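The chain below stands alone and is given as structure tokens, in the form deposited in one PDB entry.
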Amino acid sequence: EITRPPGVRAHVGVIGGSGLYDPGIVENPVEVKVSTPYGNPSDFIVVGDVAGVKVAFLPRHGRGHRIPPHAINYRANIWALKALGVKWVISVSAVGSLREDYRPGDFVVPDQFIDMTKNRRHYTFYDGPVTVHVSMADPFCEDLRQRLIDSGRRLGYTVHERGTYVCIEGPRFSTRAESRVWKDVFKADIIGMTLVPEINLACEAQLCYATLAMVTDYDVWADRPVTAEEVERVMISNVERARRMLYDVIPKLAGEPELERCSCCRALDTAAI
């Protein structure tokens, strides 16, 4: 509703995860405060231009990685992006791998998820009196997924074209027994802590949201179990590749998502009672 400075708008949102605290990519950056009914977003939103397209960047953990996954104000974050007018949201995330062939340094563009969080407090914007139950059979925006895959291929990076993300609560990493369940029983491919309820809220807000995930580790399955320092080090080492992909894809997002390839773009039509 109210922004400071007033009148700011953007077309593409980028939510940065681990290792991605500054835009890097935007020209003419302005830091913006956006009012939300839920209090503060993770940080200021930075708005600027990438080759003529207006981009809003939000670090989900805040500058300096001040906010762990369970403490993020997901409602405020998504409300703020919607309020600026964005239609496309690219999430950049660090994930662990549960399979040998999804190697550290590879990108993954997931197509499914399993929610094993428990402590996120709000999993929706809609608490009544209008009851909303969005369909999320195909939870990610296909239009954006396909563009991410294409960019990665063009630039010569390895991009796995599907994957099931298991979202765990944290902040601790999984035990060996848990990780065996995720891998062998649920047949998940990658694991992270931040996707839910971010994706749920993006869908309810009728945004075209997709995740560009970077594999940073093999969970508990290597000679060395994952540590936080390893994840951070691998993301910071590879952030330049993520930046190059963003520069490639963002100018192609000048238009609007195709309705037929955006499962959530009209989510509320059939979902509200």
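Don't overthink the numbering: it's just position in the shown sequence, from 1. Each form is matched to the other, and the largest set of C-alpha atoms that superpose within 1.5 Å is called the rigid core.
Here the subject shifts to the form deposited in another entry, a form of this protein not shown in this document.
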>> Core-aligned, between this form and the one not shown, one residue among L20, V14, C264, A10 moves its CA by 2 Å or more. Tell me which.
In response: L20
>> Since the Cα-Cα distance for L20 and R243 shifts by 3 angstroms or more in the other entry, is it a contraction (closer) or an expansion (farther)?
In response: closer
>> Closer or farther: the C-alpha atoms of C203 and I25 in the other entry, versus the form shown, with a change of 3 angstroms or more?
In response: farther
